[PDB]
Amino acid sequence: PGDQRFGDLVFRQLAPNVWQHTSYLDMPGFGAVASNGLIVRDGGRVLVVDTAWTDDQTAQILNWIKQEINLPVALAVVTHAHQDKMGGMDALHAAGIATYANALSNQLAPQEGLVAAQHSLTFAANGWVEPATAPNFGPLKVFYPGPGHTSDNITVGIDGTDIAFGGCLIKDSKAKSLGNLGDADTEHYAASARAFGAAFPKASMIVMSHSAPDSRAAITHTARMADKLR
């Protein structure tokens, strides 16, 4: 069905050089909750977007990469300071992988009980990452859409593909809720969702943390649900 099982994780090829990783964590009350990130081969190296929930799961992502790609992981970028995105930082660091996050995510990480990334991204007024803070990002195009799911949430397009990654900002076109709103910015969410869409206008495959890949209707639907929060 395209879902490759490797240990307790699932890997799904999305494009020639792009795979989605999925890991699970029990939330007594919501069952075994999936979180998705990305793996991108860029020539002779690999780039990761988001950890798994835990170090052990994140080490399994690295093991899958060694088996299935067998190229060095040059860097990882993590998309905000929550456990699903940054819970496995130590595994990346033990593996010698350079890590990047929004400056604000690195500031938040220790209070969230998370390990900060080694490097901080900062963003221009137009939302786009300041390029000098994202060296060697290859095809990864990093965009801060504004506060939404969290204050620090960032998003990533993959050049050479039709894919844009909304992380925990974007939910699928049939979602019934915006999920965990504990740290959300209810006033700016809708605008932040639409800004993500406007940043990646040619992206036809929208990848997200807590749903399978969807069409751009994910963006419009998410923005319309968020319209209610104000």
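Sequential numbering from 1, following the sequence displayed.
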Please work out which of 119-127 and 86-94 has the higher mean CA B-factor as recorded in the PDB entry.
119-127
Look up the CA B-factors in the entry and say which stretch, 65-73 or 28-36, has the higher mean.
28-36
Residue of maximum C-alpha B factor among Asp50, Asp42, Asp183, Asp56, per deposited coordinates:
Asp183
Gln107 CA temperature factor, ranked by third within the chain
middle
Among the modelled residues of its chain, does the C-alpha B-factor of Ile170 lie in the lowest, middle or highest third?
middle
Record-listed C-alpha B factor of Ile163: chain third:
middle
Based on the entry's values, in what third of the chain does the Cα temperature factor of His21 lie: lowest, middle or highest?
lowest
Ranking the modelled residues of this chain by C-alpha B-factor as given in the entry, is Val46 in the lowest, middle or highest third?
lowest
